[PDB]
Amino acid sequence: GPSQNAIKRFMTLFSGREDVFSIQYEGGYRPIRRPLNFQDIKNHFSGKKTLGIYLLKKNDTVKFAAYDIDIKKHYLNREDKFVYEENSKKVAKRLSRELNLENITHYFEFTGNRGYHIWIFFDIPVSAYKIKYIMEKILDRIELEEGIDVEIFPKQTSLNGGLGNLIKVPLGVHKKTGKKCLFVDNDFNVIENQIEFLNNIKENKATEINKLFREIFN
């Protein structure tokens, strides 16, 4: 059925480090040094465990990347948090328009707390520095707003013997809030059938990202 298919698709889409992943706990993240398996993602989908995925594989390539749009410390102010939520959506729209201009299929996720991830998937892994370079150049073309931060994952071009950086992956529970981390549409509305949306996510052509990298400069 669609739901077990989505388990195998999740594995193929959020494939990062071959033999290490992470789990979100209250107060941080903990590396689990073993390959991810089916049960780990059933724990993810059920709310039992929440998974993060190290982007960089051992040869310093990634099969996916993501923008991380954050509403920074609102704290008190005048409960104007709405303006900053509005600002987070404007910034994501701006990033997303540039991605479609460059013909890069991408997907929005509500993160369960203060923002949105923009996910880009590839059919074959590409060099971490290439897509990082692309995503910095696109960030540089757009206006930003007060209270908003934009982070680019991968955060490093190369492991240097380490693990690199991880990102919490969708369809699970943000421990900080109890909310589901869910895909939304082009106007930030929650998809009703999260499973079917996942089963229809399209991968970009690695052969077209590589050409774009060179064209973006040379």
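Counting begins at 1, following the sequence as shown. By rigid core we mean the largest C-alpha set that fits within 1.5 Å across both forms.
Between 35-43 and 156-164, greater CA displacement relative to the shown form is found for 156-164 when the structures in 4 other deposited structures of this protein are fitted on the core. Taking 78-86 and 93-101 in turn, the stretch whose Cα atoms are more displaced from the shown form in 4 other deposited structures of this protein following rigid core superposition is 78-86. Remark: stretch with higher mean C-alpha B factor among 27-35 and 42-50 is 27-35. In this entry, 209-217 shows the higher mean Cα temperature factor of the pair 2-10 and 209-217. Among all modelled residues in its chain, residue 58 ranks in the middle third by Cα B-factor. The deposited CA B-factor of residue 144 belongs to the highest third of values across its chain. The entry lists a Cα temperature factor for residue 22 that places it in the lowest third of the chain's modelled residues. When all modelled residues of the chain are sorted by CA temperature factor, residue 128 is found within the middle third. Among all modelled residues in its chain, residue 161 ranks in the highest third by Cα B-factor.
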